[PDB]
file target17.cif (mmCIF, C-alpha atoms)
data_coords
loop_
_atom_site.label_atom_id
_atom_site.label_comp_id
_atom_site.auth_asym_id
_atom_site.auth_seq_id
_atom_site.Cartn_x
_atom_site.Cartn_y
_atom_site.Cartn_z
CA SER I 2 0.00 0.00 0.00
CA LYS I 3 0.77 3.65 -0.82
CA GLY I 4 0.51 4.33 2.78
CA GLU I 5 2.83 1.63 4.02
CA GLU I 6 6.14 3.15 2.88
CA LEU I 7 5.41 6.21 4.97
CA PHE I 8 5.85 4.11 8.12
CA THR I 9 9.11 2.22 7.57
CA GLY I 10 10.97 4.54 9.93
CA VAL I 11 10.37 6.65 13.04
CA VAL I 12 7.53 9.14 12.49
CA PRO I 13 6.77 12.18 14.69
CA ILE I 14 3.25 12.27 16.15
CA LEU I 15 1.07 15.14 17.38
CA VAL I 16 -2.20 14.67 19.22
CA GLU I 17 -4.61 17.56 19.85
CA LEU I 18 -7.87 17.00 21.70
CA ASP I 19 -10.67 19.31 22.78
CA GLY I 20 -13.14 17.80 25.26
CA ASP I 21 -16.39 18.49 27.12
CA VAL I 22 -17.50 15.91 29.68
CA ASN I 23 -20.70 16.87 31.53
CA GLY I 24 -19.82 20.49 30.80
CA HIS I 25 -16.25 20.18 32.08
CA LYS I 26 -14.24 21.58 29.19
CA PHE I 27 -10.60 20.71 28.62
CA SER I 28 -7.83 20.44 26.00
CA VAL I 29 -4.86 18.10 25.69
CA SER I 30 -1.73 18.34 23.54
CA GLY I 31 0.48 15.30 22.95
CA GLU I 32 3.80 14.79 21.25
CA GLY I 33 5.96 11.74 20.58
CA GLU I 34 6.86 9.32 17.85
CA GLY I 35 5.87 6.00 16.32
CA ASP I 36 7.87 3.13 14.82
CA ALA I 37 5.44 0.76 13.17
CA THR I 38 8.28 -1.66 12.32
CA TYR I 39 8.11 -2.55 16.04
CA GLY I 40 4.48 -1.54 16.62
CA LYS I 41 5.88 1.04 19.02
CA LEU I 42 4.44 4.32 20.31
CA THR I 43 6.00 6.77 22.76
CA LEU I 44 4.00 9.86 23.75
CA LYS I 45 3.64 12.55 26.36
CA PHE I 46 0.30 14.31 26.83
CA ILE I 47 -0.30 17.53 28.73
CA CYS I 48 -3.59 19.02 29.87
CA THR I 49 -3.11 22.59 28.67
CA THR I 50 -6.18 23.94 30.44
CA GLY I 51 -5.32 22.83 33.98
CA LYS I 52 -6.45 19.65 35.77
CA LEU I 53 -7.90 16.94 33.58
CA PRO I 54 -11.55 16.39 34.72
CA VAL I 55 -11.52 12.70 33.88
CA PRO I 56 -8.91 10.02 34.56
CA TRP I 57 -6.01 9.88 32.09
CA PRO I 58 -6.49 6.15 31.40
CA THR I 59 -9.97 6.74 30.07
CA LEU I 60 -8.49 8.80 27.20
CA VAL I 61 -5.75 6.42 26.03
CA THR I 62 -7.79 4.77 23.30
CA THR I 63 -8.90 8.20 22.00
CA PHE I 64 -5.36 9.58 21.88
CA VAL I 68 -3.20 6.21 15.69
CA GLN I 69 -3.57 2.54 14.77
CA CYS I 70 -1.50 3.15 11.62
CA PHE I 71 1.46 2.49 14.00
CA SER I 72 0.36 -1.11 14.57
CA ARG I 73 2.84 -3.77 13.45
CA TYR I 74 1.17 -5.74 10.63
CA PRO I 75 3.11 -8.93 9.99
CA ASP I 76 4.29 -9.18 6.38
CA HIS I 77 1.82 -11.95 5.69
CA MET I 78 -1.04 -9.63 6.80
CA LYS I 79 0.07 -6.55 4.84
CA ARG I 80 -3.02 -6.60 2.60
CA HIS I 81 -5.19 -6.13 5.73
CA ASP I 82 -3.69 -2.84 6.96
CA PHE I 83 -6.44 -0.32 6.36
CA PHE I 84 -4.87 2.31 8.54
CA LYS I 85 -1.64 2.85 6.63
CA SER I 86 -3.40 2.40 3.28
CA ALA I 87 -5.42 5.57 3.87
CA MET I 88 -2.25 7.70 4.24
CA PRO I 89 -1.22 10.33 3.67
CA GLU I 90 -4.69 11.85 3.15
CA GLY I 91 -5.83 10.00 6.28
CA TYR I 92 -8.96 8.65 7.91
CA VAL I 93 -11.89 9.69 10.06
CA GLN I 94 -12.18 7.73 13.34
CA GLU I 95 -15.45 7.88 15.29
CA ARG I 96 -16.31 6.14 18.56
CA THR I 97 -18.88 5.73 21.22
CA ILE I 98 -17.34 4.54 24.48
CA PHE I 99 -19.93 3.30 27.00
CA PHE I 100 -18.78 3.26 30.61
CA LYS I 101 -20.86 0.62 32.35
CA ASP I 102 -23.21 2.12 34.94
CA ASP I 103 -21.93 5.59 34.00
CA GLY I 104 -21.79 7.95 31.00
CA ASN I 105 -20.44 7.80 27.48
CA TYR I 106 -17.83 9.46 25.38
CA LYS I 107 -18.47 10.19 21.72
CA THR I 108 -15.36 11.09 19.73
CA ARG I 109 -14.67 12.32 16.22
CA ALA I 110 -11.10 12.43 15.03
CA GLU I 111 -9.07 12.84 11.87
CA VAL I 112 -5.73 11.22 11.52
CA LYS I 113 -3.50 12.33 8.64
CA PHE I 114 -0.06 13.58 7.76
CA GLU I 115 0.81 17.23 8.04
CA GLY I 116 4.11 17.20 6.21
CA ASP I 117 6.22 14.42 7.74
CA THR I 118 4.23 14.41 11.00
CA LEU I 119 1.33 12.15 11.77
CA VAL I 120 -1.49 14.15 13.44
CA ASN I 121 -4.51 12.98 15.42
CA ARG I 122 -7.08 15.80 15.89
CA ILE I 123 -9.98 14.92 18.19
CA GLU I 124 -13.25 16.33 19.48
CA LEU I 125 -14.64 14.46 22.51
CA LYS I 126 -18.11 14.84 24.01
CA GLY I 127 -19.09 13.05 27.24
CA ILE I 128 -22.57 13.00 28.68
CA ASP I 129 -24.57 11.26 31.43
CA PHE I 130 -21.66 10.82 33.82
CA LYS I 131 -22.28 10.47 37.55
CA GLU I 132 -20.79 13.30 39.61
CA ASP I 133 -19.47 10.74 42.14
CA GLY I 134 -18.89 7.92 39.72
CA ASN I 135 -15.55 6.38 38.87
CA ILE I 136 -14.82 8.84 36.10
CA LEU I 137 -15.75 12.28 37.41
CA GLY I 138 -14.87 11.06 40.90
CA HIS I 139 -11.34 10.04 39.82
CA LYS I 140 -11.57 6.54 41.26
CA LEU I 141 -9.56 4.80 38.56
CA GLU I 142 -6.03 3.54 38.99
CA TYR I 143 -3.27 4.96 36.84
CA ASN I 144 -2.56 1.84 34.96
CA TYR I 145 -3.82 -0.07 31.93
CA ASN I 146 -4.93 -3.58 31.11
CA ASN I 149 -7.89 -7.56 21.88
CA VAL I 150 -9.19 -5.00 19.34
CA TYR I 151 -11.44 -6.67 16.74
CA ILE I 152 -11.46 -5.33 13.20
CA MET I 153 -13.85 -6.09 10.37
CA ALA I 154 -14.49 -4.52 6.95
CA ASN I 159 -14.94 1.69 2.15
CA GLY I 160 -13.91 1.51 5.77
CA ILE I 161 -13.75 -0.66 8.89
CA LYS I 162 -15.70 -1.32 12.03
CA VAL I 163 -13.83 -2.03 15.25
CA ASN I 164 -15.12 -3.28 18.61
CA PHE I 165 -13.48 -4.06 21.92
CA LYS I 166 -13.73 -3.80 25.69
CA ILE I 167 -11.37 -2.02 28.03
CA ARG I 168 -11.37 -2.83 31.75
CA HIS I 169 -10.23 0.08 33.88
CA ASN I 170 -9.06 -0.84 37.40
CA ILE I 171 -10.95 0.88 40.20
CA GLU I 172 -9.01 1.88 43.30
CA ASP I 173 -11.07 -0.53 45.45
CA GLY I 174 -9.96 -3.51 43.35
CA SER I 175 -13.00 -3.69 41.07
CA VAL I 176 -13.20 -2.88 37.37
CA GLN I 177 -14.88 -0.22 35.29
CA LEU I 178 -15.82 -1.55 31.87
CA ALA I 179 -15.58 0.72 28.82
CA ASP I 180 -17.28 -0.82 25.74
CA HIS I 181 -15.86 0.65 22.50
CA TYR I 182 -17.69 0.89 19.19
CA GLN I 183 -15.56 2.39 16.39
CA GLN I 184 -15.82 3.23 12.72
CA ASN I 185 -13.06 4.47 10.39
CA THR I 186 -13.41 5.77 6.81
CA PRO I 187 -10.87 7.23 4.42
CA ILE I 188 -10.75 10.96 3.98
CA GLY I 189 -9.47 10.89 0.42
CA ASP I 190 -10.57 9.14 -2.78
CA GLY I 191 -7.65 6.79 -3.15
CA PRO I 192 -8.23 3.11 -2.78
CA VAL I 193 -7.85 1.59 0.68
CA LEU I 194 -7.25 -1.94 1.90
CA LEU I 195 -10.35 -3.62 3.27
CA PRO I 196 -9.38 -6.29 5.70
CA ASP I 197 -10.48 -9.74 6.50
CA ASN I 198 -11.45 -10.15 10.15
CA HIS I 199 -8.54 -9.91 12.50
CA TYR I 200 -7.47 -8.23 15.75
CA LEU I 201 -4.83 -6.05 17.27
CA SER I 202 -3.07 -7.06 20.51
CA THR I 203 -1.93 -4.12 22.54
CA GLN I 204 0.04 -3.45 25.61
CA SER I 205 0.25 -0.04 27.22
CA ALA I 206 2.26 1.33 30.14
CA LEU I 207 1.44 4.65 31.79
CA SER I 208 3.98 6.72 33.68
CA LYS I 209 4.81 10.22 34.89
CA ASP I 210 7.65 12.59 34.03
CA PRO I 211 9.08 13.43 37.50
CA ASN I 212 10.06 17.00 36.33
CA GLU I 213 6.67 17.83 34.88
CA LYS I 214 4.36 19.95 37.05
CA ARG I 215 1.45 20.16 34.63
CA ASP I 216 -1.22 17.48 34.62
CA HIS I 217 0.14 14.90 32.14
CA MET I 218 0.56 11.30 31.03
CA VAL I 219 3.53 9.41 29.54
CA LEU I 220 2.46 6.45 27.38
CA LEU I 221 4.51 3.59 25.97
CA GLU I 222 2.60 1.18 23.74
CA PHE I 223 3.28 -1.87 21.60
CA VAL I 224 0.68 -3.14 19.12
CA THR I 225 0.74 -6.14 16.81
CA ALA I 226 -1.91 -7.33 14.36
CA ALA I 227 -2.87 -11.03 14.63
CA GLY I 228 -5.68 -13.46 13.98
CA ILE I 229 -4.71 -14.49 10.46
#
call {"tool": "encode", "arguments": {"input": "target17.cif", "output": "structure tokens"}}
result
Amino acid sequence: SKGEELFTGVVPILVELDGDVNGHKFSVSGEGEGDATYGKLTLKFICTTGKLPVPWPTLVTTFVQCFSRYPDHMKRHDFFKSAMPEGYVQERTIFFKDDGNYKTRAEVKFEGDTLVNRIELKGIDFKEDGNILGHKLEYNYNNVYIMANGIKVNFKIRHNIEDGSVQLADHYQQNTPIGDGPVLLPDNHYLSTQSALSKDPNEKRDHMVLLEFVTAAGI
């Protein structure tokens, strides 16, 4: 694919999000780089408006699956890179069990040699004293199913609650190409991810450091 050659080396990434959750408005800027040869992402996000009004882990999936490692034998199934450089639209609803939902709209595309993820997030029906607005989620993280001029993606995330329980986040996702060029429509398969969240000990702003590795599988 067209797109694939754009990802054979290290690519700079920018993430810009504007959010409103139950009327709590916020913005986040992220920077880092991706190396799809290793399925590797390294990013730092900063809440530029002050304190983030939701837990950082709940925004990880919102904050560039074009950096997934597709094994050679699965190359023909990589939608994400095939849409580049003109990019794709990514929309989700994320349903937090017994709490509210996020709806997101994003565009991911190249701006010059940099891969950019621009997002608008809207959250409604959260509980004031629930796990999200009450900041009861641990600062940690624990398959992503893809089907077929775009893709549909579905998966569950389990966020750890500070009492030892879990807060389920059911994800429903759709992606479509922004340009006219042909894209690769995949056979059913999944992505296997692992994420690690940390803090920069010299950073005083509200922030998250994210290290992720993602590999496509299932074929």
call {"tool": "closest_residue", "arguments": {"input": "target17.cif", "among": "I:222, I:210, I:5, I:32", "to": "residue 87 (chain I)", "atoms": "all atoms listed in the file"}}
result
I:5
call {"tool": "resolve_selection", "arguments": {"input": "target17.cif", "expression": "the PyMOL selection byres ((chain I and resi 199) around 9)", "output": "JSON, numbers by chain"}}
result
{"I": [81, 150, 151, 152, 153, 196, 197, 198, 200, 201, 226, 227, 228, 229]}
call {"tool": "axis_aligned_box", "arguments": {"input": "target17.cif", "around": "region 212-218 of chain I", "padding_each_side": "8 Å", "output": "JSON"}}
result
{"center_x": 4.4, "center_y": 15.7, "center_z": 34.0, "size_x": 27.3, "size_y": 24.9, "size_z": 22.0}
call {"tool": "resolve_selection", "arguments": {"input": "target17.cif", "expression": "the PyMOL selection byres ((chain I and resi 179) around 8)", "output": "list in words"}}
result
residues 98, 99, 100, 101, 166, 167, 168, 169, 177, 178, 180 and 181 of chain I
call {"tool": "resolve_selection", "arguments": {"input": "target17.cif", "expression": "the PyMOL selection byres ((chain I and resi 70-73) around 12)", "output": "PyMOL selection string"}}
result
chain I and resi 4-14+34-43+68-69+74-79+81-89+91-92+94+112-114+119-121+150+185+200-204+222-227
call {"tool": "closest_residue", "arguments": {"input": "target17.cif", "among": "I:162, I:139, I:131, I:214", "to": "residue 53 (chain I)", "atoms": "only C-alpha atoms"}}
result
I:139
call {"tool": "closest_residue", "arguments": {"input": "target17.cif", "among": "I:33, I:160, I:138, I:104", "to": "residue 172 (chain I)", "atoms": "all atoms listed in the file"}}
result
I:138
call {"tool": "closest_residue", "arguments": {"input": "target17.cif", "among": "I:59, I:194, I:26, I:50", "to": "residue 146 (chain I)", "atoms": "only C-alpha atoms"}}
result
I:59
call {"tool": "atom_distance", "arguments": {"input": "target17.cif", "atom1": "CA of residue 129 (chain I)", "atom2": "CA of residue 54 (chain I)"}}
result
14.4 Å
call {"tool": "residues_around", "arguments": {"input": "target17.cif", "residues": "residue 93 (chain I)", "least_positions_apart": "5", "cutoff": "7 Å", "atoms": "all atoms listed in the file", "output": "number ranges by chain"}}
result
I: 110-112, 185-188
call {"tool": "atom_distance", "arguments": {"input": "target17.cif", "atom1": "CA of residue 143 (chain I)", "atom2": "CA of residue 57 (chain I)"}}
result
7.4 Å
call {"tool": "residues_around", "arguments": {"input": "target17.cif", "residues": "residue 25 (chain I)", "least_positions_apart": "3", "cutoff": "12 Å", "atoms": "only C-alpha atoms", "output": "ChimeraX atom specification"}}
result
/I:19-22,28,50-55,125-128,130,132,137
call {"tool": "closest_residue", "arguments": {"input": "target17.cif", "among": "I:29, I:161, I:48, I:218", "to": "residue 195 (chain I)", "atoms": "only C-alpha atoms"}}
result
I:161
call {"tool": "atom_distance", "arguments": {"input": "target17.cif", "atom1": "CA of residue 163 (chain I)", "atom2": "CA of residue 62 (chain I)"}}
result
12.1 Å
call {"tool": "closest_residue", "arguments": {"input": "target17.cif", "among": "I:213, I:142, I:173, I:102", "to": "residue 56 (chain I)", "atoms": "all atoms listed in the file"}}
result
I:142
call {"tool": "residues_near_point", "arguments": {"input": "target17.cif", "point": "(-10.6, 7.1, 21.4)", "cutoff": "8 Å", "atoms": "all atoms listed in the file", "output": "compact mmCIF listing (two decimals) with C-alpha atoms, in the coordinates of the input"}}
result
# COMPACT_ATOMS: atom_id res chain seq x y z
CA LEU I 60 -8.49 8.80 27.20
CA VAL I 61 -5.75 6.42 26.03
CA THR I 62 -7.79 4.77 23.30
CA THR I 63 -8.90 8.20 22.00
CA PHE I 64 -5.36 9.58 21.88
CA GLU I 95 -15.45 7.88 15.29
CA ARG I 96 -16.31 6.14 18.56
CA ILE I 98 -17.34 4.54 24.48
CA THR I 108 -15.36 11.09 19.73
